[PDB]
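Chemist: Just need the structure, nothing else, for what follows:
(chains A, B, C, D, E and F)
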Amino acid sequence: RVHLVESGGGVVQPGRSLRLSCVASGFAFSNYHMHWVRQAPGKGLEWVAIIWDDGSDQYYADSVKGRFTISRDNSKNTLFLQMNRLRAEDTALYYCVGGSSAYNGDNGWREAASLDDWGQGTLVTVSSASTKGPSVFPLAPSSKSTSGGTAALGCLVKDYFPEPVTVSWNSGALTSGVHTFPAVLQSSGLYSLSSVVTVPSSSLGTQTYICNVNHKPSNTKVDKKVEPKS
Amino acid sequence: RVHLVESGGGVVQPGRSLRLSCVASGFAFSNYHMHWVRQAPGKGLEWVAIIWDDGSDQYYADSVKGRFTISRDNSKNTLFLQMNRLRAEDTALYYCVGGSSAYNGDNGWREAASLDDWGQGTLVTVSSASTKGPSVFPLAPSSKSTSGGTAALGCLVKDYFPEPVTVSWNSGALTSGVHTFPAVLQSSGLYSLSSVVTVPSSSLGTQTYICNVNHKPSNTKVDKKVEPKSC
Amino acid sequence: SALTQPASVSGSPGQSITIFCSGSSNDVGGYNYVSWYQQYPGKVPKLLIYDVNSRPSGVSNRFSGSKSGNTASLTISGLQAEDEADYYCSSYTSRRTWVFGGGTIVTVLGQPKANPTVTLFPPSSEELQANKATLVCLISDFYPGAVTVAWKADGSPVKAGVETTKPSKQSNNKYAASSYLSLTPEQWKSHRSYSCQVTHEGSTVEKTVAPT
Amino acid sequence: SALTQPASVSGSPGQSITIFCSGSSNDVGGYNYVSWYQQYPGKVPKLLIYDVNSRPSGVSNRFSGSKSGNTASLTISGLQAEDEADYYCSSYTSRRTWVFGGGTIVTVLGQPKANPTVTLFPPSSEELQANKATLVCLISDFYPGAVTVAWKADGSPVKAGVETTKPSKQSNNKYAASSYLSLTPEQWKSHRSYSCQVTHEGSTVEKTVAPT
Amino acid sequence: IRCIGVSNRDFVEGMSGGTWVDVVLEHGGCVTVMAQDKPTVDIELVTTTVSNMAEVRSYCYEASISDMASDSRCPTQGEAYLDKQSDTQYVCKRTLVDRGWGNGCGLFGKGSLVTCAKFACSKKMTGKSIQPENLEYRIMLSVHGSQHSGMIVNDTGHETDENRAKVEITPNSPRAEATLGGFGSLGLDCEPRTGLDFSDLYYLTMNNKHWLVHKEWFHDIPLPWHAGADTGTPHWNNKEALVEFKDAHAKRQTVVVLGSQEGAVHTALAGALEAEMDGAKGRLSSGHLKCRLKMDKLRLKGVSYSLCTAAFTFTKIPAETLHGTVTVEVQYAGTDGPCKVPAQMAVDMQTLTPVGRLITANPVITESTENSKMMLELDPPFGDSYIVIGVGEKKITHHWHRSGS
Amino acid sequence: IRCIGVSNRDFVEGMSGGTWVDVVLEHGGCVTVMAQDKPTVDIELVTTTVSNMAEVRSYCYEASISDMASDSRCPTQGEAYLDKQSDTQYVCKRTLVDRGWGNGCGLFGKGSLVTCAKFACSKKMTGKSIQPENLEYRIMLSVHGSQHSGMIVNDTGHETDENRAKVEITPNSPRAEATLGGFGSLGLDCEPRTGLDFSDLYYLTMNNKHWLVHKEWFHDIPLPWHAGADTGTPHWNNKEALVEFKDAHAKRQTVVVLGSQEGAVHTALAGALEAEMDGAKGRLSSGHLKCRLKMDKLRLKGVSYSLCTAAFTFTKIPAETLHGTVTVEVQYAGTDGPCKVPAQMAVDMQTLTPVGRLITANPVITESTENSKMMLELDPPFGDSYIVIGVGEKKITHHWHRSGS
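Modeler: Numbering: from 1, shown residues only, chains lettered A, B, ... in the order given. Right below this line is the structure:
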C-alpha cells in the first residue's frame, strides 16, 4: 500500500550538480515528513536531510550544509533533492524515507516523526569516468545435465559502468531458485556480474528461459535467451 | 639555557580534580605564550590550551572546554592547569611548553607564537586503584663472569603502580653502558622493570655499584647495592 | 555527528545480547526519540524500535529497547540465526536534526558448517567470437566465509586474468563468491582442460571444463 | 578538530620522502602557521619547521616545508637512519586555537640486520627470601623488532608466570625487550635448570641457569 | 470543494447571460462564483512566487577575528609597519602610545603602534532584488457537485481535472483558459499591477528567515558588506562596524568584535513583511489580485437528467458555516444515475414554497451506482425552515433555524 | 624604579618629622613620596581583585528550540492536551483555531489547539554579587636606590625585597606594614570605602567578557532568567521573552525564537566599567584608594659614605620625562663603594650653586666592584642648567634646558 520510488541516480562529474527525485503512492503524502538518508557501499547509514509535511522547514546535516537542498511538491506526491558542488564523498545509495506526522491520531502533530517507511533508494556515483554499456552473454546448461535430475543455466553481464544492474527472468515471472551474484570490480575498473537459475533437467525442451537485464545508466536493456547447447 | 619543569602528576580518582604546575627558569617568562599539550601513551599529540604572555586571553580545545582552566603567575614564573571533573580519557603525559611572542624582534607582537621550547612533562593517570610501592631486588653478575673481560649487573623493580619509576647508578654518576628497559604490564596490573649496567670484569671487587630507584607517587626511594660473587 | 555503537557483538543461540548507543545530553539523553533499525545485507533497513521502547506492528517481541542517562541499549533476547545482520540506532537532536550510529554487526555463534556448491561455465560461443574468453566459477552456500581459490591449466597454477570477489553474505546466512578467468582463445585452446578448485576448511572441491 | 596525516612513510636511504598534512580553509589554508615536530620514541618532541617553511637554528637543512591550498607537506631529503621517528604537524586555527595531526611514523628501509644480545638473570637470594622468584631475560640491540620468546624448565614447555614486553625501539634504531618468569621457590628448586630461548630471524639464542 | 471552510469568503452572483464577471482574489480568501444556468465554482489564489531573484548586497551580522599582531616603533624611530596592513581581509588600526625607559625606548614620549587582525564573518544576511517580470501566480479552481473526500484534502484531483484545475499567471501573460472536462472551461484575464510596487523593495534572507524591506533602510545598515556572491572569498567593506580596538599596551592594542547583531536586526524588522522560500524561489503571503472571468464556455454537465427517484440519507448532520450557509452530505442507495438531486428548503411542508437559494447549482450525483455520497450547500432564509431532500415519501427533512447572526 | 614612565604620576612631599602623609592611589597612576632625610619611594596600586563572588541571577541572551508538537480538538470536543505542557523546560501556548468540514471537524467554529516546544539556552550571561569581604588590593612599592634593569622589568626579585615590595589589603584588614630591609619599613592605613561604593553594583559576565553594572539595570533586563547556580539543568522563567508563536493552522502553530540579543546588550552596555578575569577571580581596572603612610621607621641606608672619587660615564644620554624630571644612567669604573654619588645641577660652573632638587634621595652605588650601573632622577629648574656628576676633573657635565612648555 505504501510505495516510494527513487530516480535520478547515475554518474556525475566531480564538483557538478544532480537532481534526485522520489515519487510516492498509496498514502497521504501531505502528512509525512520526508527524509533523505545515504549509505556508502558497505558503510554505515548517514542521515542527509529532512523536510516537513508542508515544507514549512527543512533541516540538513553539517556535511551538506549550503550544498544540498531538499524540497517537495505535495500536489504531485513528489520529493526533490538538489545536490550541488558534489564530491566523491557523496557517492552513496540515497534512500528516500517517510515518517508520518501524527501522534494522538488525527489530533496530535509531531516533529520527531521517526523513520517509518523506506524506499529502495537510488545510487549516486561521483566519478570522472564515463558510462560503459554492458555485454550480455548466455550460459547454456551442461552437455551432461540434460540427462539427470537438475541443471544450472545463467546470464553473464561483462564490462559495464557504473552500478547498479538488475536481472529478472521470463519478463520477471521467475524468481524461485535464482541467484544473482554480486558484481566484481575488475582491475581495469569495470564491473562484471552473473545471474544463474537452477532448474529441473526435465523441463529443458519444454520451458524457455529469458533473462531480462537492465543497466539504466547506459540505458541498455538486452533480454537474452538460453537454449541448451548444440 | 631554557628550563621548564613540570609537577603535580600522579594518580587521580575518576571524576575528581588535580592541579598541574610548571616552573620556568632561564628566560623572560613575561614574553612567552604558554601551552599545555598532552599525549596518551603510544598515541598522537593533542593540544590542550594556551594562555598568552600577560594572561589577557586563554583558549582551550573543544575536548576540555568547561572542564580545564589555565592560568599563570608571572611574578613567580609559574603556570597552572586546573583539571576538574576528570575522566580516564584524560590519562596522558602533559607537556608544559612555551613559545616566544616576539616577532619583528623587540618590535612586533604575535599571537601565533609557535611551539618553541618543550618541557619534560608530567604523567597524569586517572585510575581508581591505589598507588603501590615497588620492591627493589639486586641482580648479581654470573658465576662464570667474575673471571674474564666484561659482565652485566642490574636491579629489578617488582610490582608497582603506577608509572613512572626512575633508576640512576652511583647516585647518577654512571650512565655509560646503562640500559633501563621498558616496564611490563603484568596481568595483575602492576608494572615491573629492570635496569642493567655493563662493566669490565676487572673492576668487580674494587668498584662498587648502587642503583638509585625512585617512585615518587608512592614516595619510595630505595638505593640497593650489588656486589660480585664467587659462589 | 556520530553515535558510539559497538562494532561487533557475538552471542550463542538462545542467549540475550545487548548493543550500545551512547550519545550526549543533546540527542539520547535529551529526548525519548531513539530508534533502532535492522538491515539485512543488500536490503533496505527496517524499523525495529522507535521512541526508546515501543515496537511497530509486526515486529518480534524478542527485541527490547532500554535507555539510561545518555546511553541507549538494544537487547535481542532468544538469539536466532535470523538475527545475523546490521543494527543501527538513530536519534533526534537538539539541533532539529537526526543522527545515526556507527552500527553493530550481530553474528550468531555455533552455526553448522556448510560445504560450497560450485558451478563452472565455459566461454560462450559469442564471447569466443569476440576475441576474448571468460571462464566463470561460482561458489555459493558455504559457511564460514573463508574460501581459497585456485586455477589449473591441466596442471600448474594460473595467474593471468584471475579475478575473484570477496565473500558476500546471502539471505540464508551462507556466503557466495564469484571468480572469473579472462583469457585469450589461444590459451584456451592450447591447454586441454581447465580446473577451478576451491578450498574451504581443508576440503577442496574441484570442477573441470574443456574446449570440447 | 583533527589534521589528517599519513600513518607510515617508507623510503630507502638517500631517497626523498613526503608527508601529508591536510586540513581546512580555517587552519592550513587560512594561515601560514603550520609547524612540524620530530619525536624520537620516549623523548620530548622537537620543533623541526615553523611557519610553513622556516627552520630554527640547529636543524638539518634536510627537512623542508611546503604548503599548497589546504594541504601542507613535509619533505625529508637525504634519508638517514637518524630520521627513523614520529613526525607531527600542527597548525593555528580560525578559532584562535592550535591543532595537531595524527602523526606519521618514518621508517628507513634496507637497514642491516642486528643480532640480539640476551642476558639471563636468576632470582636473587633476596627475592627467594621474600617468598617469590623471578627469572629475568633481557634482549637488547636487535633489528628488526621481531623476537619470539620461549621458556624451558630444563626441557618441556613453560606456561605459568610468563610475561613478555612488546618490542621497544631504542636510541640507536635497534630494539629491546624484557621477559619475566614468575615462579615459587619450590618450582625453582624442583627443576634442575631453566633456559630462556629467544628466536629472531631464524636463529634462536639460548641461555641457561640452574640452582647449582 | 474549497472555500466552505474559508473564513474570508466572498459570495458573487453574475446575471443570466453574464459571460464575464469581475472578481478580487486575495491570499487567505476565496471567491465563490454563482450564475443563473451555470455551475457554481470556487476560485482561490494559493501562492504568489518570485523566481530568478538576483542578489544585490550581503551584510555580516556575526563575525569573529583571529591572528592578532602588533608592531611598535620608539619615539622618532619612524612609523610602524605590519605585513598585513595591505591585506584586504585584515583590519588594522594605527595609533600613538606612551613610551619611556621602562618599556625599552631611550626617550620618553609618543611612539608608533599598528595593530592588525584577520576578519572572518560567521553569519551574514543576504539581500536580493525583485523585478516584477519574475512573478508567478497560482490560482486554483474547484467545482460544486461531487463527493466529500475531495474537500481541501485530496488536492490530487488535477490529474482527472473535471472538478479541480490549476492556472499559472505571469505579468507578461495574464490571460489563461482552464478546461473542466464535461463542465466546459473558464477564461481568466488577471490584472496584477494592482498588487504592490516592487521597484523599491528587497527580499531579505537571514538564517532561513525572510522579509521584504524598503531599499533606503537596507542601504543605510551599519555592518560590513559585500556585493557577492561570494566569488570564492569575499572582501568585506567597513570591517570597523563590528570590530574595535581597545587598550594601549607598550607593544600592542587589543582587537575585539561586537556581539551578534542578529537580535538587533530581528528587533528593528518586525514592522515589515514576511516570506518563505520553497524552493530556491520566494513565496509571498502578502498579496492582492483583480481578475476577470470569461464564462461563455462554462456549462452544466449537458443532460436533462431524470430526477433521482430513490431514497437519500444524511451521513453527516447539516452544519452552519460562518456565513449562514448549510452543508449537507448525503448517501444515495439508488441506481438511476447520473440523476438530478431534488432538494430545496420549505417554510411550509404542504405547498413546499421554495424559499432561499441553492449555492450548489443543480445537484447531480456523479455516479450511477448505489450508496454514493454527495455534498450540497444551501443559503437559508432567516427564521425557521425545513431542509427537504428527495421526492415522495422517500424524502428526508431536517429542521433548521437561521438566526442570521 | 616605577612611575618614571607613568604619565599620571603625582609628586608628594611630606614635612620634616611628619610620620604620616596622606596619598591617593589609583589604577593607571603612581605616587612618588619624597621627604627630607628619607628615601624617595614610589607607590602604585596595580590590581583590585574580587574572589568568592556568589551568583545572583542569570539571563539567557541566545536560545534555540526543539521537539515541536501540537494537539487539537474539534469544536465542543473538549480542550486539547499535550503531554509536556507540564514540563518546566518546555514552552507552550494554548489557542483557538478555525475548524470546519475541510479539516476533519464535523462542525464549523473554534476548536482547541495547544503547541509545545523544548526551550534550550545556548548562551547566558551571569550576574554576581560583590560583598566587600571578598576584596583584595595589590599595592607595589619601590625605592629610588640603584640599577635600571629593575624598572618595570625584573619584577621577579621583589620577594627578595630590599628595594621592591608588595602589600595586599582587604576591607577586613586595611592595616599593613611593608619592610624594606636596610631602608626600614613603611606603614599603610588605607581607607577603602572611599575607593568606590560597591553596594549598588553587580559583576556581569558574558562570553568571557566582564563588566560592572548597576543593580536596577540588571533587574530590568527583558530576557528569560533564573536565580541561582545551575542545579544541574536550569529552569528558565519568562521563556516567552525570546520565543513567540505564529500561524493558525488546523492542527498546529509555528514556534520561533528571536535572534541572539548579544549585540543589543553590548550596545546598551558600553556605558559601564570593564574588567578581566584571570583567573576564576575578577580583576578590576576602575578603582580608587586613599591611604595614609607611616614613615617614622623609614630611613636612608644609615651611613655618610665616603664620596665616589672615581669617574662616571653616561651610558644613556639623559632624557626628559613627561613631567620635566631628568633620568640619568651612569656607569662607574671605581672600586671604593658603597660610596655616595656626587651629583647636582649647576647654573654656573664657577660656584656650582646647587639649583633644583633631587628626586632620587641620596644616590648611593650599592656595589663595591667596578663598572656598576645606576639611575638617578633630578628636578631641574627652568631655563638652562648643567648636570654635574663626579668630583675633580674626572666629573662629567651635560647641558640641559627645561623650557617648561
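Chemist: Nearest to chain D: which residue in chain A?
Modeler: Across chain A, the shortest distance to chain D (Cβ to the nearest Cβ) belongs to residue A:62, at 12.1 Å. Bear in mind the C-beta positions are built from the backbone N, C-alpha and C, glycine included.
Chemist: closest point of chain C to chain E, which residue?
Modeler: Nearest to chain E in chain C, going by Cβ to the nearest Cβ, is residue C:96, at a distance of 10.8 Å.
Chemist: Work out for me the element that residue sits within.
Modeler: Under the criterion DSSP states H and E, no helix or strand holds residue C:96.
Chemist: Could you report the neighbour count for it?
Modeler: For residue C:96, the neighbour count with other Cβ atoms under 10 Å in any protein chain shown is 17.
Chemist: what does the one 10 residues further on give?
Modeler: Burial measure for residue C:106: 20 neighbouring residues, criterion other Cβ under 10 Å.
Chemist: now swap in residue E:315 and tell me
Modeler: Around residue E:315 there are 13 other residues, counting by other Cβ under 10 Å.
Chemist: Before we go further, it is sitting in a strand, right?
Modeler: Yes: looking at residue E:315 with DSSP: H, G, I helix; E, B strand; the rest coil, it is inside a strand.
Chemist: so who does it touch?
Modeler: Counting by Cβ atoms under 8 Å, 6 or more residues apart in numbering or on different chains, residue E:315 makes contact with E:329, E:330, E:331, E:373.
Chemist: who wins for neighbours among those?
Modeler: Result: residue E:330 is most packed of the contacts of residue E:315 (other Cβ under 10 Å), 24 neighbours.
Chemist: ok so, going back, list just the nearest of the contacts of residue E:315 to residue F:16.
Modeler: residue E:329 (113.5 Å; Cβ to Cβ).
Chemist: so who does residue A:185 touch?
Modeler: Applying Cβ under 8 Å, 6+ apart to residue A:185 gives the contacts residue A:191.
Chemist: Could you rerun that using 10 Å?
Modeler: A:163, A:191, A:192, C:163, C:165, C:166 (Cβ atoms under 10 Å, 6 or more residues apart in numbering or on different chains).
Chemist: Out of these, which sit inside strands?
Modeler: A:191, A:192, C:163 (DSSP state E).
Chemist: Where does the record place the domain boundaries for the chain?
Modeler: No chain was given, so I picked chain A. Listed domain ranges for chain A are A:3-125, A:135-226 (source: automatic domain parsing).
Chemist: oops, I was thinking of chain C
Modeler: Taken from automatic domain parsing, chain C resolves into C:8-108, C:117-209.
Chemist: The strand or helix carrying residue E:373 and chain F, are they touching?
Modeler: Remark: residue E:373 resides in strand E:372-379, with elements defined by DSSP H and E. Yes: counting by Cβ under 10 Å from any Cβ of the partner chain, contacts between strand E:372-379 and chain F involve residue E:375.
Chemist: Can you list the buried residues in whatever helix or strand comes next after that strand?
Modeler: Counting by DSSP H and E, the next helix or strand C-terminal to strand E:372-379 is strand E:383-389. Neighbour-count burial for strand E:383-389, with 16 or more other Cβ atoms under 10 Å in any protein chain shown as criterion, is recorded at E:385, E:386, E:387, E:388, E:389.
Chemist: Repeat that for stretch E:131-147.
Modeler: E:132, E:134-135, E:137-147.
Chemist: ok, now stretch E:284-294?
Modeler: Applying a neighbour-count criterion of 16+ other Cβ under 10 Å, one finds E:284, E:287, E:289, E:290, E:291, E:293, E:294 buried in stretch E:284-294.
Chemist: wait, the first one sits on residue E:273?
Modeler: Yes: if you go by Cβ atoms under 10 Å, residue E:284 and residue E:273 touch, sitting 7.6 Å apart.
Chemist: which ones are touching the residue nearest the centre of chain C?
Modeler: Closest to where the C-alpha atoms of chain C average out (Cα atoms, centre = their mean) is residue C:169, at 3.3 Å. Each residue near residue C:169 by Cβ under 10 Å, 6+ apart is listed here: A:182, C:40, C:41, C:42, C:84, C:85, C:143, C:145, C:175, C:176.
Chemist: Work out for me the element the fourth one sits within.
Modeler: Think residue C:42. Using DSSP H and E, residue C:42 sits within no helix or strand.
Chemist: residues contacting it?
Modeler: Taking Cβ under 10 Å, 6+ apart as the test, what residue C:42 contacts is A:180, A:182, C:168, C:169, C:170, C:171.
Chemist: And the residue of chain C most remote from its centre, its phi and psi?
Modeler: Using Cα atoms, centre = their mean, the residue of chain C lying farthest from its centre is residue C:190. It sits 38.8 Å away. Backbone torsions of residue C:190, given as degrees, to the nearest 10, read phi -60, psi -40.
Chemist: And it, how far from chain D?
Modeler: 41 Å (Cβ to the nearest Cβ, to the nearest Å).
Chemist: Residue A:213 contacts residue A:172, correct?
Modeler: No: Residue A:213 is not in contact with residue A:172 according to Cβ under 10 Å; the separation is 11.9 Å.
Chemist: Quick check: which element contains the nearest residue to residue E:124 once chain neighbours are set aside?
Modeler: For residue E:124, the nearest residue in space outside its immediate sequence neighbours is residue E:60; the separation is 4.6 Å by Cβ to Cβ, 6 or more residues apart in numbering or on different chains. Taking DSSP H and E as the criterion, residue E:60 maps to strand E:55-73.
Chemist: helices and strands around the next helix or strand along the chain from that strand, which ones?
Modeler: Counting by DSSP H and E, the next helix or strand C-terminal to strand E:55-73 is strand E:90-99. In terms of contacts (3 or more Cβ pairs under 10 Å, 6 or more residues apart in numbering or on different chains; DSSP states H and E), strand E:90-99 is packed against strand E:55-73, strand E:109-129, strand E:243-246, strand E:254-257.
Chemist: per-domain residue ranges of chain E.
Modeler: E:8-52+E:131-195+E:283-294, E:312-402.
Chemist: which residues sit in contact with the most far-flung residue of chain A relative to its centre?
Modeler: Within chain A, the residue lying farthest from the chain centre (Cα atoms, centre = their mean) is residue A:147, at 39.0 Å. Residues counted as contacts of residue A:147 (Cβ under 10 Å, 6+ apart) are residue A:201.
Chemist: intersection of neighbour lists for residue E:284 and residue E:273?
Modeler: Common neighbours of residue E:284 and residue E:273, counting by Cβ under 10 Å, 6+ apart, are E:196, E:203, E:210, E:212.
Chemist: Can you lay out the residues you listed as a markdown table showing distance to residue F:364?
Modeler: Below are the shared contacts of residue E:284 and residue E:273 laid out as a markdown table (distance: Cβ to Cβ, whole Å):
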| residue | distance to residue F:364 |
| --- | --- |
| E:196 | 89 |
| E:203 | 80 |
| E:210 | 78 |
| E:212 | 81 |
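Chemist: out of those, which are inside strands?
Modeler: Those of the shared contacts of residue E:284 and residue E:273 lying in strands (DSSP E): E:203, E:210, E:212.
Chemist: what subset of the residues you listed is also close to chain A?
Modeler: Of these, not one also sits near chain A (Cβ under 10 Å from any Cβ).
Chemist: Relative to chain B, how far out is residue A:12?
Modeler: According to Cβ to the nearest Cβ, residue A:12 and chain B sit 34 Å apart.
Chemist: likewise residue E:25?
Modeler: For residue E:25, the distance to chain B - Cβ to the nearest Cβ - is 54 Å.
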